[PDB]
Amino acid sequence: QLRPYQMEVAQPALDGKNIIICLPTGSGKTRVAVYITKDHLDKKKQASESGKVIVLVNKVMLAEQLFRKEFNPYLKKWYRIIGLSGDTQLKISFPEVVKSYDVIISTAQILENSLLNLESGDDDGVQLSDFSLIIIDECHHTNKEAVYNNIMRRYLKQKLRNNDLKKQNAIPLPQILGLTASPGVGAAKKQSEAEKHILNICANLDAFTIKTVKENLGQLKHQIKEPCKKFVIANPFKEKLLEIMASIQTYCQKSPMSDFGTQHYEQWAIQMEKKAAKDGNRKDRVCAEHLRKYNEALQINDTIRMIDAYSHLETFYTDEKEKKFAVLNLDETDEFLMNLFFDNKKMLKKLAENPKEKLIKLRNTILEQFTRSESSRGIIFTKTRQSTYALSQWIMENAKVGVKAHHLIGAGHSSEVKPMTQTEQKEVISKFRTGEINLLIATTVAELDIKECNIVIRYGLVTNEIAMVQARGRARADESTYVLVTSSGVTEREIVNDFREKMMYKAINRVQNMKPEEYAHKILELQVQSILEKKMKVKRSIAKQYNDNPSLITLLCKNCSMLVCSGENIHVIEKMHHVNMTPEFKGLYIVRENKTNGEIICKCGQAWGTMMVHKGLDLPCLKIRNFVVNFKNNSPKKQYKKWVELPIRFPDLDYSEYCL
RNA sequence: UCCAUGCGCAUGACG
RNA sequence: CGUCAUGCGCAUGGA
Ligand SMILES: [Zn+2]
């Protein structure tokens, strides 16, 4: 169970040597890691000491994979193993699998929450001193406010207390192992910047060395066939809409101060909405919202079939008319805006069918490779989800070769779409592995255990060096067809990825060949520095929220600056959600639902929240994101997008008020 | 297995 | 500091 190249890199770790390890894809780093584990435990048998190993990840899926495939098949006999998650409904808490279970595979924030329970007295606590070893995958996330940097800051604080005792007079601490791919470089154009980054990493891990492979590079090169770095790089309907935009700009005096079809315009639009919410005036924030929609339509039209933007806006104003009618079941402003749209709606639909594109060059390259390969595996990357659905439906519209494809996105329920499911992600992955799905359409979710592939493209994308190497890792089978499709500095960015991959080795070779004294000095300095940083950060955070006012305010709608609620009439449930009972409120809102939690809408048509069902009660839960404040102390209005921004506190709900 | 919500994190681009 | 897009983890309540 030992490889030659793995041997030396394991070698220091076996006796002290809290280290880092970095190797490419496919080197079976899990296997050498397992060897370190088994050897550590056998040493603890020889010493009859507390052999405890905990494995940390960033994602649940790797936990499950390693529990299935790596750790059990080599330690299912000797030792206790268990693979943990946040979702695996565990019958006991964490401190019991600490009291048992020599081997743990788990997500980090599980542990971190347990540590907080320790230092809070919450549920029975747990500390690092309960361990003899820690093992990590993907160290390169180990930066400021990362998932698990907090653990290391605790570890470092305890190390420095140990130093203070040592000079003073020293409790033990666990050995720490770190693994990764290329450890990434962060915000660099300089070798010195990158060296500082790496040293900061190692001090955040309290490492001794990286211990990359140099000796047996040929035997490993024989394993890894590498891909080939390649470049395959390649209206009036739009202008009608730009004319509508200018018309509306004139309609409410809107100075863009920049071009159409970018973020800066969107940024200014949202800032206008903010100012108009500070004002409570219409024609200004409403236009910000509409123009935001139009800019969406623009910067998809730069890349997408115009029919999709027409569908976007058709559904948009459809929902708008639904809102206004459900409320009425109108103003010159909304009337103008609606009629300005609908007077062109059907004609613009007619324009939508016309041809005249990146899409064309794209289809050409696609058909070229699927004719070449003839078993063919294909991946598509891009920025957004709606892009994926649109291209899937579009290629389903386009005939043909007969290649079959499917979309893919993440899981965050944000910003446009009902997200996918982990089960369904695994499902589509198995469909692709089967050959049922020939071509995948994905966001960065792919950059996973996807099958060996050929033609990972970049259709209007930018990625960083870690993402570049992670995209490299999956393209295999002695055929790489890296492709890139953007319009108008994107070669620059793959060039940057190459440059950074060079800089990383240039830095690694300098730091490996460094004094141990000066290395330890700089890492200790960075540790103290980061610890001071975290301390000051916690200081400012505690100083942040101190008000806890029961009621000081009035909540108003944002389209209409109409009163909606008071500071005291609100109540809290789940210590998460907010509600306004006292049906003096209930005389206000209107309900809507189409397709079980119905949504709320205003007396103007403003959407407000959801009717959340809790303990039989159908409580109207609202979102601060769609409301505005008027403080008693301060007249100027404010807007937060989140309750937590507001320091002042509201009470937990008491059902004793609502009986009969 | 699905749904809704809250919170935190990172990344890229943008100012 | 803010915005956007993307991805991730955790905690909830319900079915
Ligand atoms: Zn209103």
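FYI, my numbering numbers position 611 of the first sequence as 611, with every residue one higher than the one before it. Heads up, the beta-carbon is just placed ideally off N, CA and C, and yes, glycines get one too.
With three or more C-beta pairs closer than 8 angstroms as the rule, is the region 474-490 touching the region 454-463?
Yes, the region 454-463 touches the region 474-490.
Compute every distance between the C-beta of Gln267 and the non-hydrogen atoms of ligand 1, then say whether any falls below 6 angstroms.
Position 267 of the first sequence, counting from 1, holds the residue named residue 267. Ligand 1 has no heavy atom closer than 6 angstroms to the beta-carbon of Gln267.
Using DSSP with H/G/I as helix, E/B as strand and the rest coil, what is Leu524?
As a working mapping, residue 524 is identified with position 524 in the first sequence. It is helical.
Taking only runs of the beta strand (DSSP E) that begin and end inside the region 1-48, which ones reach a length of at least 3 residues, in chain order?
Taken in chain order, the whole beta strand (DSSP E) runs of length 3 or more contained in the region 1-48 number zero.
Hey, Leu484 and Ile92: beta-carbon distance below 7 angstroms or not?
Taking the first residue of the first sequence as position 1, residue 484 is located at position 484. Taking the first residue of the first sequence as position 1, residue 92 is located at position 92. Going by C-beta atoms, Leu484 is not nearer than 7 angstroms to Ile92.
In chain order, what residues place their C-beta within less than 5 angstroms of a heavy atom belonging to ligand 1?
Result (chain order): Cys557, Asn559, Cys560, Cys602, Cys604 and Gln606.
Which listed residue (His406, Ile176 and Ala288) has its alpha carbon closest to that of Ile36
Sequence index remark: in the first sequence, residue 36 carries index 36 (1-based). Cα-wise, what sits closest to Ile36 is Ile176.
Report the start-end ranges of each beta strand (DSSP E) in the region 374-403 that is 3 residues or longer and not cut off at the edges.
As for any beta strand (DSSP E) of minimum length 3 sitting wholly inside the region 374-403, the runs are 378-381, ordered along the chain.
Just the Cα atoms here: how many angstroms apart are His406 and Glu397?
If you number the first sequence from 1, residue 406 lands on position 406. If you number the first sequence from 1, residue 397 lands on position 397. One C-alpha to the other measures close to 13 angstroms.
What does the alpha-carbon distance come out to for the pair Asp102 and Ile198?
In the first sequence, counting from the first residue as 1, residue 102 sits at position 102. In the first sequence, counting from the first residue as 1, residue 198 sits at position 198. About 32 angstroms.
Mapping DSSP to helix, strand and coil, what is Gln89?
The count along the first sequence starts at 1 and reaches residue 89 at position 89. Note: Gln89 maps to coil in three-state DSSP.
Continuous alpha helix (DSSP H) stretch holding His290: start and end
As a working mapping, residue 290 is identified with position 290 in the first sequence. It spans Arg285 to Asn301 - the alpha helix (DSSP H) in which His290 sits, taken as one unbroken run.
What did DSSP end up calling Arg161 once you bin it into helix, strand or coil?
Here residue 161 is taken as the residue at index 161 of the first sequence, counted from 1. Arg161 falls in the helix class under three-state DSSP.
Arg592 lies in the beta strand (DSSP E); which residues open and close that run?
Counting from 1 along the first sequence, the entry for residue 592 is found at position 592. Element bounds for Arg592: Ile590 to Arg592.
For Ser566, which three-state DSSP category applies?
Residue mapping note: residue 566 aligns to position 566 of the first sequence, counting from 1. In the structure shown, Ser566 falls within a strand segment according to DSSP collapsed to helix, strand and coil.
DSSP has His614 in a bridge; who is on the other side?
Counting from 1 along the first sequence, the entry for residue 614 is found at position 614. According to DSSP, residue pairing for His614 in a beta bridge involves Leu617.
Tell me the residue span of the alpha helix (DSSP H) that contains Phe341.
Numbered from 1 along the first sequence, position 341 holds the residue referred to as residue 341. From DSSP, the alpha helix (DSSP H) with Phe341 extends over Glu332 to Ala352.
Are three or more beta carbon pairs between the region 462-469 and the region 497-507 nearer than 8 angstroms?
As far as the Cβ criterion goes, the region 462-469 touches the region 497-507, which means the pair count is three or higher.
If you reduce the DSSP assignment to three classes, tell me which class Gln606 lands in.
Counting from 1 along the first sequence, the entry for residue 606 is found at position 606. Here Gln606 sits in coil by DSSP.
By how many angstroms is the C-alpha of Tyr640 removed from the C-alpha of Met562?
As a working note, residue 562 is residue 562 in the first sequence. As a working note, residue 640 is residue 640 in the first sequence. Spanning the two alpha carbons is a distance of roughly 18 angstroms.
Between which two residues does the alpha helix (DSSP H) holding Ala269 run?
For the purposes of this step, residue 269 is taken as the residue at position 269 of the first sequence. It spans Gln263 to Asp279 - the alpha helix (DSSP H) in which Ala269 sits, taken as one unbroken run.
Which first and last residues belong to the alpha helix (DSSP H) in which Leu173 is found?
As a first step, residue 173 is located in the first sequence; it is residue number 173 there, counting from the start. Element bounds for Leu173: n/a, residue is neither H nor E.
What are the boundary residues of the alpha helix (DSSP H) that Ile201 is part of?
Position 201 of the first sequence, counting from 1, holds the residue named residue 201. Counting along the chain, the alpha helix (DSSP H) containing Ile201 begins and ends at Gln191 to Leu205.
So for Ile366, helix, strand or coil by DSSP?
Position 366 of the first sequence holds residue 366. Correct three-state label for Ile366: helix.
Assuming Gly178 contacts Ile54 (C-beta within less than 8 angstroms), just tell me the rounded distance between them.
Against the first sequence, residue 178 aligns to sequence position 178. Against the first sequence, residue 54 aligns to sequence position 54. Contact flag wrong, Cβ pair sits at about 13 angstroms.
Check each candidate in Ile441, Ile307 and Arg385 and name the one with the smallest Cα separation from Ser414.
Taking the first sequence and counting its residues from 1, the one referred to as residue 414 is at position 414. It is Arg385.
Touching or not, the region 235-247 and the region 340-360, by the rule of three or more beta carbon pairs under 8 angstroms?
Yes, since at least three Cβ pairs between the region 235-247 and the region 340-360 fall closer than 8 angstroms, the two stretches touch.
As assigned by DSSP and simplified to three states, the class of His577
Here residue 577 is taken as the residue at index 577 of the first sequence, counted from 1. When secondary structure is reduced to three states using DSSP, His577 falls in the strand class.
Alpha carbon to alpha carbon, how far is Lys159 from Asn169? Give it in angstroms, no decimals.
By 1-based counting over the first sequence, the position of residue 169 is 169. By 1-based counting over the first sequence, the position of residue 159 is 159. Their Cα atoms are separated by approximately 15 angstroms.
If you run the structure through DSSP and keep just helix, strand and coil, what is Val53?
For the purposes of this step, residue 53 is taken as the residue at position 53 of the first sequence. Here DSSP, grouped into helix, strand and coil, assigns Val53 to strand.
C-beta contact flag for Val628 and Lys615 at 7 angstroms:
Position 628 of the first sequence, counting from 1, holds the residue named residue 628. Position 615 of the first sequence, counting from 1, holds the residue named residue 615. For the 7 angstroms CB-CB criterion, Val628 and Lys615 do not form a contact.
Report yes if the CB atom of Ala269 is closer than 7 angstroms to the CB atom of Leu291, and no otherwise.
For the purposes of this step, residue 269 is taken as residue 269 along the first sequence, with counting starting at 1. For the purposes of this step, residue 291 is taken as residue 291 along the first sequence, with counting starting at 1. Yes. Within cutoff.
Residue from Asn162, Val32, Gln1 and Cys22 with nearest C-alpha to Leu14:
To locate residue 14, count along the first sequence from 1; it is residue 14. Comparing Cα positions, the closest option is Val32.
Rounded straight-line distance, which links the Cα of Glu416 to that of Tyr74:
Here residue 74 is taken as the residue at index 74 of the first sequence, counted from 1. Here residue 416 is taken as the residue at index 416 of the first sequence, counted from 1. So the alpha carbons of these two residues sit roughly 44 angstroms apart.
What are the boundary residues of the beta strand (DSSP E) that includes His407?
Position 407 of the first sequence, counted from the start, is the residue given in the question as residue 407. Looking at the DSSP string, the run of the beta strand (DSSP E) that includes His407 is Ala405 to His407.
I need the straight-line Cα distance from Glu593 to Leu56, nearest angstrom please.
If you number the first sequence from 1, residue 593 lands on position 593. If you number the first sequence from 1, residue 56 lands on position 56. Whole-angstrom Cα-Cα distance: 43 angstroms.
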